[PDB]
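For reference, the chain that follows is the form deposited in one PDB entry, supplied as structure tokens.
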């Protein structure tokens, strides 16, 4: 938080662009500026100082001058005052309500949590869950509870099949002290990039975790991806419900998978751009040599995380050093 005041500003602007203006590239432009400024090891004294940073341009430098001078931004004060903008922004905080649903709701006079629960009939399954757990989903998960959650997932998965490998990635793996949710990567020897797709590989793990009442609600579920809600067991105080994502990936692509889902978000954006800046298209499933004409070769062999870094000549970075 050397520059927390400025990064907060940029993030609020990013949010407005995505949620209200539905201008996704501006949204990303703002998050990119916020990321480069949060990594900047000095306290910013002016817009021109920030303008030296890649991702920070003319308009943001000026916004930075104003904030530094006035401690606020006029544009954001107006937005906050605007009823439509404010309400649309707010509704998107519900999991399942995006920019489109939010705007539609607001145009119909539906603009509060209260309005939402008064209109359950206009909500789909995922949005009802989102509404149901509104507060819970905005809470962080303390590492101590993440460790507890880890134990249960790994142990129930073993129970289904001793050769499954489940790895909790995301902020947890980076060693964060709180996480926004739990992301689990799942593998099994019988599922590889060749394979045949024998179904229920993921279903078996979801069913079991449901069986021990750890998973409490499903938002989406297919043969490779589960998105749902879970809760640690408790006269004592009930734990908050939490978001859990489970992804089943071909075993021979484990490391590209783990690398990607260990993140961060911006870090993986940073990784792919620089990747092509050395003749590779690193993605979530493979690393391939690229081509001037546009041909990416077959997936290079990968047997470790580090293996991936070597290819792309980045200084190795531990899970912890990947937040952006």
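Numbering follows the first chain given and starts at 1. Heads up, when I say rigid core I mean the largest set of C-alphas that superpose within 1.5 Å between the two forms.
- Not even a third of the other compared entries skip residue 93; each one keeps it along with the residues on either side.
- Compared with other PDB entries of the same protein, residue 174 is present in all of those that resolve the residues around it, none of them, let alone a third, dropping it.
- Unmodelled stretch separating residue 234 from residue 235: 1 to 3 residues (count of deposited-sequence residues without coordinates).
- Look at the C-alpha B-factors of 108-116 and of 194-202. On average they run higher in 194-202.
- If you average the C-alpha B-factors over 267-275 and over 42-50, the higher value belongs to 267-275.
- Of the residues listed, 35, 283, 28, 58, the entry assigns the biggest Cα temperature factor to 283.
- Annotation for residue 64: C-alpha temperature factor in the lowest third relative to the rest of the modelled chain, per the entry.
- Looking at the C-alpha B-factors along this chain, the one for residue 227 belongs to the lowest third.
- Among the modelled residues of its chain, residue 124 has a C-alpha B-factor that falls in the lowest third, as given in the PDB entry.
- For residue 156, the recorded CA temperature factor ranks within the middle third of the chain's modelled residues.
- When the modelled residues of the chain are ordered by C-alpha B-factor, residue 175 sits in the highest third.
Below: the form deposited in another entry, not depicted.
- After superposition on the rigid core, the Cα of residue 26 moves by less than 2 Å between this form and the one not shown.
- If you fit the rigid core between this form and the one not shown, you'll see the Cα of residue 290 move by 2 angstroms or more.
- Put the two forms on the same core and the Cα of residue 81 is off by less than 2 Å between this form and the one not shown.
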